[PDB]
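# Report on the structure
Below, each chain spelled out in residue letters.
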Amino acid sequence: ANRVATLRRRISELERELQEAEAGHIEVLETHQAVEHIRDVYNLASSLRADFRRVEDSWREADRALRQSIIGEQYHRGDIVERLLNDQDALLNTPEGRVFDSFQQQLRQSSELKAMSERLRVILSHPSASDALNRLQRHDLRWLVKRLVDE
Amino acid sequence: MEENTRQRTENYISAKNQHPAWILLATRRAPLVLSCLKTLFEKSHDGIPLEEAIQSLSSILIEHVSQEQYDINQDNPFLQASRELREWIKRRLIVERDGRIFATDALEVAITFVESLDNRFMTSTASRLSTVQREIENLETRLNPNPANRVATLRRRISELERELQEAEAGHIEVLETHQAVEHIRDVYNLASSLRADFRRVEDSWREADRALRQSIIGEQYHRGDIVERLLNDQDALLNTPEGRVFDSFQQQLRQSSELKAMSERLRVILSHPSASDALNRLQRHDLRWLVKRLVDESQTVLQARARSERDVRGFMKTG
Amino acid sequence: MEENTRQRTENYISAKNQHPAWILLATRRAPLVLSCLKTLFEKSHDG
DNA sequence: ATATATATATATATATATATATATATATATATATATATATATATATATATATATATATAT
DNA sequence: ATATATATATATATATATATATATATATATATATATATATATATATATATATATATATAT
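Residues numbered from 1 in each chain as written, not as in the entry; some residues may be left out. Chains lettered and ligands numbered in written order. Part of a larger assembly, values for the part shown. Heavy atoms only, no water.

### A look at the layout of surface pockets
Residues and elements named next belong to chain B. Here the second largest pocket is characterised by a volume of approximately 610 Å³. Lining the second largest pocket are 22 residues, and of these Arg-92, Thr-104, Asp-105, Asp-204 and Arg-207 sit closest to its centre. Among the elements of the structure, α5 (77-90), β2 (94-97), α6 (105-116) and α10 (199-218) are those that each provide at least two residues to the lining of the second largest pocket. Top element by residues in the lining of the second largest pocket is α10. It accounts for eight residues. Here the lining of the second largest pocket is composed, by residue class, of six nonpolar, three polar and 13 charged. (1 Å grid on protein atoms, 1.4 Å probe; cavity = no way out; pocket = protein on both sides within 12 Å on 5 of 7 lines; lining within 4 Å. Points joined across faces, edges and corners; volume = space filled by probe spheres on them. Helix = DSSP H or I, 4+ residues; strand = E, 2+ residues; numbered from the N terminus. Nonpolar A, V, L, I, M, F, W, Y, C, P; charged D, E, K, R; others polar.)

### Thoughts on the environment of A:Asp51
With respect to the helices and strands, the residue A:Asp51 is situated in the loop between α2 (31-45) and α3 (52-72). C-alpha separation for the pair A:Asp51 and A:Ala115, spaced 64 residues apart in sequence, amounts to 24 Å. Discounting residues that sit within four places of it in the chain, A:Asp51 has contacts with B:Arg120, B:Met122, B:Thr123 and B:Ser124. Reaching out from A:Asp51, the side chain makes a polar contact with the backbone nitrogen of B:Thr123 at a distance of 3.0 Å. (Contact = heavy atoms within 4.5 Å. Polar contact = N/O pair within 3.5 Å; in protein donor to acceptor, adjacent residues only side chain to side chain.)

### As for the interface of chain B and chain C
Contact with chain B, which involves 26 residues of that partner, is made by 24 residues of chain C. Summed over both sides, the interface between chain B and chain C buries roughly 2300 Å², with carbon and sulfur atoms accounting for 62% of that surface. Counting the surface chain B buries against chain C, the share from its top three residues, B:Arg8, B:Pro31 and B:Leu117, is 22%. Between chain B and chain C we count three salt bridges in total. Note that C:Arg6 and B:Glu63 form a salt bridge whose closest N and O atoms lie 3.1 Å from each other. Viewed at the interface, chain C and chain B are joined by 14 residue pairs in polar contact. At the level of elements, α1 (3-18), α2 (20-26), α3 (30-42) and α6 of chain B are the ones that each hand at least two residues to the side of chain B that touches chain C. (Buried area = accessible area lost by both parts, 1.4 Å probe. Salt bridge = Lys/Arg side-chain N within 4 Å of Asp/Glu carboxyl O.)

### Description of the protein's contact with DNA strand E
Close to DNA strand E lie B:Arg28, B:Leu79, B:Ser82, B:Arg86, C:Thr27 and C:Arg28, which account for all nearby residues. Near the protein, meaning within 4 Å, the atoms of DNA strand E are sugar or phosphate in a fraction of 100%, with bases accounting for the rest. Between DNA strand E and the protein, one listed contact pairs a phosphate oxygen with a side-chain N or O atom of B:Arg86 at 2.9 Å. Take C:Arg28: an N or O atom from its main chain is 3.4 Å from a phosphate oxygen of DNA strand E. Its residues assigned to classes, the surface near DNA strand E comprises one nonpolar, two polar and three charged. (Near = heavy atom within 4 Å.)

### Points about the pairing of β2(B)
Where β2(B) meets strand β3 (residues 100-103) of chain B, four bridges bridge the pair, whose relative direction is antiparallel. Its bridge partner being in β3(B), B:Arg97 is matched across the sheet by B:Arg100. (Pairing = 2+ DSSP bridges.)

### Things to note about the packing of aromatic side chains
Enumeration over the complete set of coordinates arrives at ten aromatic pairs over all chains. Ring centres 6.0 Å apart and planes at 25° place the aromatic pair B:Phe247 and B:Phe250 in the stacked group. Taken as a pair, B:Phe247 and B:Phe250 lie in helix α12 (residues 241-254) at a separation of three residues, close to a single helical turn. Overall, the relative accessible area of 22% leaves B:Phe250 in the partly exposed class. Every member of this aromatic cluster is reached through a ring pair, and the members are A:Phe52, A:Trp59, A:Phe100 and A:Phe103. Across from the ring centre of B:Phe121, 5.5 Å away, lies the NZ or CZ of B:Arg186, which sits over that ring. The ring centre of B:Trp290 lies 5.9 Å from the NZ or CZ of B:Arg289, which sits over that ring. (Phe/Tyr/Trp six-rings, centres within 6.5 Å; stacked < 30°, edge-to-face > 60°. Buried < 20%, exposed > 50% of the residue type's maximum accessible area, 1.4 Å probe, protein only. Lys NZ or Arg CZ within 6 Å of the ring centre and 35° of its normal.)

Structure follows, in structure tokens:
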């Protein structure tokens, strides 16, 4: 009931915005606020790239721990046969691996990524963006999807 | 210009030799100082009454009696705390104002670095990839003024929402599984807690503008020549473009009390979910619970500071 | 947790001595190293 | 006239030896800087005595 | 009622002790830089062994 009520209020709000738009009450952001919004969206986007280098370290640490445990257990086969029969990856580093895997599941919805890539270029084509972000930042934000997928 | 990189190297050298945050992290006692300062400022809501600060710092020093390697004396923790507070005030990483102590930008940056060393909240997450998607989708609709595009976007989003409503009517709704809820709560805490970051810097910017204005007035042997340009308008003389106007726009959103009323209930409702027990520790739950009031109180303090500075500089262009 | 009040100083003491990032910020040559590395990795994060 | 198995010639690849330059590990010396210790001076707070401003009690 | 003595409110002067502020000098730790020896790596000349290419020669 709460879900349907919230969606019913949201759809009515969108209808009101549509009614205003039909009347011609469009108001785009000035430069003063467009610069701020562009900077904010840049500061959010650039964080997606932050933790790729730590997932690798966590997985390597799990690998070293697993090998040391295997060597230490001089007389136990049950643990290794348990590991091998499991269909899951041997390096279940819960704190980082699972979050990264769920993030990858999102990265593979190419429909959203294409729209995001187009929107990046369109935003960077606006006159205000040249003042909001210097050259290097504009370049970095322009190639975000490519480097995300490559990493 | 490529020489900007060499200029950046010079800037880094200057920051190394002059910035309180980098200065602190290079000393041999930095771990103890940072731990004590964080333990002091962690629980607080708005500054610390100075006397209250002394007692808490002395109690913490007593918690560090076993740490005698840093000269933590048992004879009198009160005197030690009194000495330490002035030691840190002299380093201008904590400041004294209105009978209470605050943490300046340098200490905030240092603590953010230290506590982001190892166990920081993950930013590379599906939740943030949805957040940036939504935000970038929203920004484009407001960057272009074409009416056909706007109406098309609205009349397609209406169809999406209508389909989702029809599906929810059939009962196909679904809630977050425990791990998604944990991740989303962590991401939302990471977003919300960042609003409070820049209050300690707006004040520095306004003080910088005030000092620049006074230096410009005093530096001309004949003040009347320039005072005319300043006093010709009734608006605030602290016209700090870099941060003042951004903060003013942020106020222009804070004063919409309806959003705050909704947020106050929504945050506590979110914290009521069982998964919030695991996603956030007790301290983070406390900080996120009172964040709505904390932002407003901090904004009132900052606005009062600006009012004081503007009034007391207007009392200076006159009589000059 | 409550025991964090005491464990945090040990954690920070270990970090200041072990973590490469905090070691680098403590050396006397840090600014040059940071500027050179930032310039190296400015153009490309792909490796 | 082609396959199929030796034989010979040639080229390639490898091993040995030496010369030259560079990298790494270890040890030591040096310098710098940090932090501390020490010494001195001054500031602040409290206590006690006297002076100035104002009023009341005691003895006859 | 007169005459004497004392007390109350407030400040200033002087002394005592605590504490902070300032400066200097010192010891210490540490970073760092250098030097030495050793090992390692690359290049060139030559000897050695392997492999391939070409041709001869048997059998169909």
